[PDB]
Structure formats: structure tokens, C-alpha cells
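Visitor: 3D model of this:
(2 chains)
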There are 2 protein chains.
Amino acid sequence: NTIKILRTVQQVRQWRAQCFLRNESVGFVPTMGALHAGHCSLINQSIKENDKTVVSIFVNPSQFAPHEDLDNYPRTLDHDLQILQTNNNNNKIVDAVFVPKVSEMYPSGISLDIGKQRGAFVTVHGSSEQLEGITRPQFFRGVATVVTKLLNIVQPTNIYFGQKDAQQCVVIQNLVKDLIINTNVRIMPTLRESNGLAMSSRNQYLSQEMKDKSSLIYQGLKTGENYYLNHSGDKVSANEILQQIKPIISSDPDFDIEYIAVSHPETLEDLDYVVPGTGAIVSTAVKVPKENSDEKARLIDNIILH
Amino acid sequence: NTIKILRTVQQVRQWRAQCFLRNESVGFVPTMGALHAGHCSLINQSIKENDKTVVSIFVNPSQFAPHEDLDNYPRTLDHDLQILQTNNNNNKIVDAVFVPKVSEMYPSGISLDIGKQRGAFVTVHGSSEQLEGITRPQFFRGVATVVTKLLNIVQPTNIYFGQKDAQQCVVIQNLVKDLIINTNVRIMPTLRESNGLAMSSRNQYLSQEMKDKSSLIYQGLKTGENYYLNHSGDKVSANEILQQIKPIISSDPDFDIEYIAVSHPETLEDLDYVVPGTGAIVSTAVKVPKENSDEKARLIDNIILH
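Guide: Numbers count the residues shown, from 1 in each chain, chains lettered A, B, ... in the order given. The protein structure is shown below:
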């Protein structure tokens, strides 16, 4: 009837053991808090597909680099609980939310200084170094490590991720494949504002004109997608797809394009051709102006070719 | 009634799902084949403690280094099946044995060349670099990676290891602690020949005088243990314990002592004092003559202080 807040691993074990006893499937949505409509899309899918659903809220230290001041990451638990309650008014419910301390998730300790780290860590080699990993070479080892721990605590039937973090989704798919984990990885299409802007935590605090300006990014990617579709079931030049997107995201002089890539959906290696039956991940990272000064927000988005 | 040979992950999933349906606890003994009485001691404990028991036989490539010719590791499956049947005559039974191909355990491929490796790997930092890891710096990453995969395939209630590989046991205990895995790690005392020699695969093919000569190693360690016991519940100098052992293993001029260590049972850092209530792992690696020429066998053994 109401959401159980689980603070410790043993509390989750007890909660999950009762799900086991009841023969209930268990969906799992991992988050770092600061919930928004995108997270609710995942949660609502978990509720459709599973008898019971649990959400985690944990700001994972090991995906941050030492030069980042992790102490100013926003803690918004009361807000997040409200999101979860308001979404529940709009539907089974979210049954439990897991909000651990760092020491529960890292019983042997954790440092941002990799030279000081101790204990078990997981690296998905070959999925972690390119694209988003270039500016954050430590990031996907942190992600794979904490998702492994969460999967071992919750032991879900299904775990849910949003397509907007495309490389992250590939890292998790290969994590589950390679560690041979008994869970389904469910990748949900990105939830978008009306104008096509991918949902993010920035959205709700930007002016309408700000969000409208940023919707050009998706508009660029959609043009590349429409190009590939018209050419069918013969292979399509990846570079020719890139030439449809870049001039459109370039149409705004204020945007700084960090990359636009056409990548194999399993190995993330650059493609020369997109083949129907295999497809591609077409992803980008773009710097857009924030509100004032020279501070700029880094937005990512992508579209999947099949 | 007879042992099911499971070849694929899906076969194990089906077998384990029937154990789940039957509400049966599941004990698990992982091996690389070439079974001997030591393995049977683990298996017999698993049968005492669990409704169902499964053994794996898998020579794991990722714990070997490129200069090692993995192709001459002995494959003895028919022999191992005989061990498992003969031990079963002496008792529930071993219900299943899992004998996978490399490609099933490494779906993204495997190389001994670490620079060519791809996919998820697990490292237990801080437990992997000292002692046995000095001559084999790649070894315990290989071990932690394959045990993680096996634990995710079998999903056992209990997993069994022998104390003789003391560092290996610490690596697995910290693996399960740090990845927060829902299994008990059961460490069984080392099974020994009558003269005290730790059971190994070499034993059965050495002359009686060969095994009798090698029993000096355990005899050295036992003297250090008896020293620590007499001093009680005050702390005991670790170096003074070492001075009881080394002259005894040195009594044979043919033995080459690689190390003798007094180590913290959780961090494996060198101890200056062994404190009752914490204790220590006292371990050694010794080169002894093999049969002829200059080839020498590397033996390891240890004793646990409490």
C-alpha cells in the first residue's frame, strides 16, 4: 500500500526473500536519485512486467574522478520519494526503495584515488574506453562495479535502463552476458519532451526557449535516421549518414559538437556501413549554453538503427 | 541415482531451476579436474550441508600467463567421473557435474594476452598482488573472474574451497563480501596424507619416500603453531613464530624456501604480532626435488592461527 524504504543489504535480502517465497517476479530500476519523468517511464515498465518493483537511490562514488567534488552532488531524497508517490497515484506500485550508505555498498572502503582502491572491481574491457569513456576513463568501471553489487543484492528478474545512455546500456548488456548473470536487461526507448529533447535532470529548470533551442540535437539525429531508412535492404554508408546530421546540429553557432559516431551495437567499434539486421548506435555529445557566463551544459542523445 | 553431466549454461539453469522449485539448498565445489581425495573431502561436506550438490570441471584459461603452454594441462574427465562415482559408493550423492567449453564460459572470447582481452573481468585489489601473486600477477584476477561467472551460473547456497590455497580463499571471501553475493563461502581444513603432507595432484605418483620427505614442510609449520599456542591471551611476536618454522624446513638441504609469511587473515598484510581473536595465516611455498634432473615441484601449505 505504501513504499518500504530499505536502508541495509539485509533488509533488501529479507524483502527479496519474501518475494522468492511468494514466487513473485522482481523488476529493478537503479538510479542515483534526482528522479524525473524518465525514471518514471522505466518504473512504469517494471510494474507492467513484474509482480514486484524496487528502485535504488545511490550516488556511486566509484564512477567519479578525484578532480570532481562529489560533496556537491544534489541529495534530494524527500523530492524523490514524492516523485515515486505521485507516479504511484497514476497506477501495483513501487513496492520498495533501497537507499544505502556508502559503507554498505563498499564494505572494504572506497576512494576516488584509484591507486588507493581496495576490493573487488569489475571492468568491461572493450566497452569502457571509447566515446563517453574518453573524457571519463574511470567511469564505466565504476558503473559496472556498482551495478554488479546491486544485481547481487536485489537479484531481479529484470533490470531497467534508458536508451539515452547508449554506451552505458552496452556496458551493462556485456556485463550481464560476460558474468553470465541470471537477469534480463531491459533497455527502454528514451522519454522525450514534446519538442523531442531527451529527458534529463536539467529539464524543469530551463526556460521553454532553452529546451526548444536544444531540441535541434534530436532533430539532427532524426534526419540521419530517415536517410538510412530510405535506403532499403542494402547496406548504407555510415559517413553519408553522418553528413545528414552534422549540418543540422551545426545550424546553431552556439553548439559545440564533441563527437557524432556510428557504432556497432555490441562492440562499439566505428562502422563504415550500417547493415540491416545488425544496425548501429548513432550517438552524439553536444555543448550548449546554460543560462549565463560561459558555463555550458553537456547533452548526449542517440538513435538506434536496425 | 546417477550423475547428470551438464555441458551448457542453459542446462545448469534448468537443473538449478528445478532445485529452486523443489526448495532445495545447493552446494557447489568448483574444480579444474584431475580430482583427488582433497576434492572428495569438499564434496562430502557439501553433501552433508545441502540437499543437492554440483561439481564443476573447467580448466580456466584466464588464470594462466602467455608463457605457459595451456595445451598440455591434463584432461582427465573419464578419471574424474570415476572419482565422483567411487566417492558416491561411499555415500545423497553428487547430483550433477558441469563441464563447459571455453566459449560457454567466455562468450566474448578469451586470450592469455591481457592486452587482447575483452569483456567483463573482476579484480580483488589488495588481495591479489602479494604472496602467490608475486610470481603469478595475473592469476587471482583470472580466479576471481571465473568464480564470479560460476557463482552466477550455479547460484549456490554454499560454495566450498580447501584451506591449502589460503590466499585463494581470502580472494574469494573478499570477492563475495565486496560484490555482496548471496552465498556462503565454506573453507574446509586441508586434507592430509597420514604423514601430514597436504593433499595435491602430485600425490599418487610419488614414491612413499618422496611423500615422507615432503612432510617436513607441515612439520615445520606445526612447530610454529605449537609455539603460538603456548603463549596465552597475550600477543605473540610474528617473527618469533617464523624462527620456529624456518630451521625445520631448512633441515633438508634439498628444499628451497620461497617464502614464509605471517599474514592478516583478511588483508594479507604482514603482521608484527599475532593477536588472539584476530589470528593469522602462516603460509609457505617450498621447492622440493621431483624425481630426477633438476626439475623441482613447488609445494604450498599453511596453518591458521586464531
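
Visitor: could you use CA atoms for every contact and neighbour count after this?
Guide: Will do.

Visitor: quick one: contacts for residue A:226?
Guide: With contacts defined as Cα atoms under 8 Å, 6 or more residues apart in numbering or on different chains, residue A:226 has no neighbours.

Visitor: look at it and tell me its secondary structure.
Guide: Per DSSP: H, G, I helix; E, B strand; the rest coil, the secondary structure class of residue A:226 is helix.

Visitor: relative to residue B:86, how far out is it?
Guide: With the distance defined as Cα to Cα, to the nearest Å, residue A:226 ends up 67 Å from residue B:86.

Visitor: for residue A:157, same thing?
Guide: According to Cα to Cα, residue A:157 stands 39 Å off from residue B:86.

Visitor: and for residue A:183?
Guide: Using Cα to Cα, residue A:183 is found at 37 Å from residue B:86.

Visitor: tell me which of these two has more neighbours.
Guide: The residue with the greater number of neighbours, taking residue A:183 and residue B:86 and applying other Cα atoms under 10 Å in any protein chain shown, is residue A:183; the counts read 16 against 12.

Visitor: close enough to count as contact, that one and residue A:160?
Guide: No. Contact status for residue A:183 versus residue A:160: not in contact, 10.5 Å apart, counting by Cα atoms under 8 Å.

Visitor: what parts of chain A come near chain B?
Guide: Where proximity means Cα under 8 Å from any Cα of the partner chain, the interface of chain A facing chain B comprises A:105-108, A:117-127, A:145, A:148-149, A:152-153, A:174-175, A:177-182.

Visitor: just the buried ones among those, please.
Guide: The neighbour count (16 or more other Cα atoms under 10 Å in any protein chain shown) marks A:105-106, A:117-127, A:145, A:148-149, A:152-153, A:174-175, A:177-182 as buried among those.

Visitor: is residue A:185 within a helix or a strand, and which one?
Guide: Counting by DSSP states H and E, the element that carries residue A:185 is strand A:184-188.

Visitor: please apply the same query to residue A:53.
Guide: In this structure, residue A:53 is located in strand A:52-57 according to DSSP H and E.

Visitor: walk me through which strands that strand pairs with, and which way each runs.
Guide: In the sheet, strand A:52-57 lines up against strand A:26-31 (parallel), strand A:96-98 (parallel) (DSSP bridges).

Visitor: now whichever helix or strand comes after the last one, how far from the chain's geometric center?
Guide: Downstream of strand A:96-98, the next assigned helix or strand under DSSP H and E is helix A:102-105. Averaged C-alpha coordinates place helix A:102-105 at 22 Å from its chain's average position (Cα atoms, centre = their mean, to the nearest Å).

Visitor: do stretch A:72-87 as well
Guide: 18 Å.

Visitor: which positions within that stretch qualify as buried?
Guide: For stretch A:72-87, the neighbour count (16+ other Cα under 10 Å) marks A:80-81, A:83-85, A:87 as buried.

Visitor: got the CA positions of that stretch in PDB?
Guide: The C-alpha trace of stretch A:72-87 is given here as PDB (Å, rounded to 0.1, in the frame of the first residue of the first chain):
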ATOM      1  CA  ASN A  72      28.000  18.900  -4.000                       C
ATOM      2  CA  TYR A  73      26.100  16.200  -5.900                       C
ATOM      3  CA  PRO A  74      22.500  17.100  -5.000                       C
ATOM      4  CA  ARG A  75      20.800  14.900  -2.400                       C
ATOM      5  CA  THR A  76      17.000  15.100  -3.000                       C
ATOM      6  CA  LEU A  77      15.600  12.100  -1.200                       C
ATOM      7  CA  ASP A  78      12.400  13.800   0.000                       C
ATOM      8  CA  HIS A  79      11.800  15.000  -3.500                       C
ATOM      9  CA  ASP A  80      12.500  11.500  -5.000                       C
ATOM     10  CA  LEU A  81      10.000   9.900  -2.600                       C
ATOM     11  CA  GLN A  82       7.400  12.400  -3.800                       C
ATOM     12  CA  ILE A  83       8.000  11.500  -7.400                       C
ATOM     13  CA  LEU A  84       7.600   7.800  -6.500                       C
ATOM     14  CA  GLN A  85       4.400   8.500  -4.600                       C
ATOM     15  CA  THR A  86       2.900  10.800  -7.300                       C
ATOM     16  CA  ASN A  87       3.700   8.300 -10.000                       C
END
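
Visitor: which other residues reach that stretch?
Guide: Outside stretch A:72-87, the residues that touch it by Cα under 8 Å, 6+ apart are A:33-36, A:40, A:94.

Visitor: let's have those residues in a markdown table, adding neighbour count.
Guide: Rendered in a markdown table, the data for the contacts of stretch A:72-87 read as follows (neighbours: other Cα atoms under 10 Å in any protein chain shown):
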| residue | neighbour count |
| --- | --- |
| A:33 | 21 |
| A:34 | 20 |
| A:35 | 20 |
| A:36 | 18 |
| A:40 | 18 |
| A:94 | 24 |
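
Visitor: which one of these is nearest residue A:209?
Guide: Set against residue A:209, the nearest of the contacts of stretch A:72-87 by Cα to Cα is residue A:36 (19.9 Å).

Visitor: which non-adjacent residue is nearest that closest one?
Guide: Using Cα to Cα, 6 or more residues apart in numbering or on different chains and skipping residues adjacent in sequence, the residue nearest residue A:36 is residue A:201, 6.6 Å away.

Visitor: mind checking how far that neighbour is from residue A:299?
Guide: 11 Å.

Visitor: who has more neighbours, those two?
Guide: Set side by side, residue A:201 and residue A:299 give different neighbour counts by other Cα under 10 Å, the larger being at residue A:299 (18 against 12).

Visitor: what are the C-alpha coordinates of whichever strand or helix holds the more buried one, in CSV please?
Guide: According to DSSP H and E, residue A:299 maps onto strand A:296-305. Only the C-alpha atoms of strand A:296-305 are listed here, as CSV (Å, rounded to 0.1, in the frame of the first residue of the first chain):
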residue,chain,number,x,y,z
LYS,A,296,27.8,25.2,-20.9
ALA,A,297,25.7,22.1,-20.4
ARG,A,298,26.9,18.8,-21.9
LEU,A,299,23.9,17.0,-23.6
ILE,A,300,24.0,13.5,-25.0
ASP,A,301,21.5,11.7,-27.2
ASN,A,302,21.3,9.0,-29.8
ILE,A,303,19.1,7.0,-32.2
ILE,A,304,19.2,3.2,-32.9
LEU,A,305,19.3,1.8,-36.4
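
Visitor: in it, what's buried?
Guide: By 16+ other Cα under 10 Å, the buried positions in strand A:296-305 come out as A:296, A:299-305.

Visitor: ok, those residues vs residue B:27, which is closest?
Guide: When these are compared for distance to residue B:27, the smallest value, 43.3 Å, is given by residue A:304; criterion: Cα to Cα.

Visitor: tell me the contacts of that closest one?
Guide: A:279-282.

Visitor: so of these, which ones are in strands?
Guide: Residues from the contacts of residue A:304 lying in strands, with DSSP state E as the criterion: A:280-282.
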